[PDB]
Amino acid sequence: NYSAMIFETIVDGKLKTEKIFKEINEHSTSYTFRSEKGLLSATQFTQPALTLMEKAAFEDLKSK
Amino acid sequence: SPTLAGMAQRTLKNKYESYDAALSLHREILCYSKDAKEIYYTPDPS
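Chains as they are written, first to last, in the deposited numbering: chain G, 1732 to 1795; chain A, 50 to 95.
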């Protein structure tokens, strides 16, 4: 599920279907997320949390 | 945080002075985090 992630950046010539997490292969055992302060402010964590909080808030109001 | 509340609040301050009064239109600006009691309708006894 980490492998199959893709993106497309312009690299000097043309488009490129390069994958995220170049380290992760079929022989990888660990991957590590590194921050300076905390993972909460690294935007692949910020974004879902923010989204959840708001949806959660809404469903409470919908229940009421 | 009330980011968009502020953005809405100050947009009405700028160019909706003449328009809101013209319709007798009362406006209510609410954030979830701050203005919980008005949205949940659960004020204190007071």
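Ideal Cβ placement from N, Cα and C applies to all residues, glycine included.
Give me the subset of the stretch 75 to 94 of chain A whose CB atoms are less than 9 Å from a CB atom of chain G, sorted by chain position.
81, 82, 88, 89 and 90
Please list the partners that residue 1788 of chain G has in chain A, where partner means a Cβ-to-Cβ separation under 8 Å.
81
Closest residue to residue 54 of chain A among A:87, A:86 and A:81 (Cα-Cα distance)
A:81
I need the straight-line Cα distance from residue 1732 of chain G to residue 1778 of chain G, nearest angstrom please.
19 Å
Would you give the residue range spanned by the alpha helix (DSSP H) that residue 1766 of chain G belongs to?
Note, residue 1766 of chain G: premise wrong, no alpha helix (DSSP H); not H, not E.
Less than 8 Å between the beta carbons of residue 1734 of chain G and residue 1755 of chain G, yes or no?
yes
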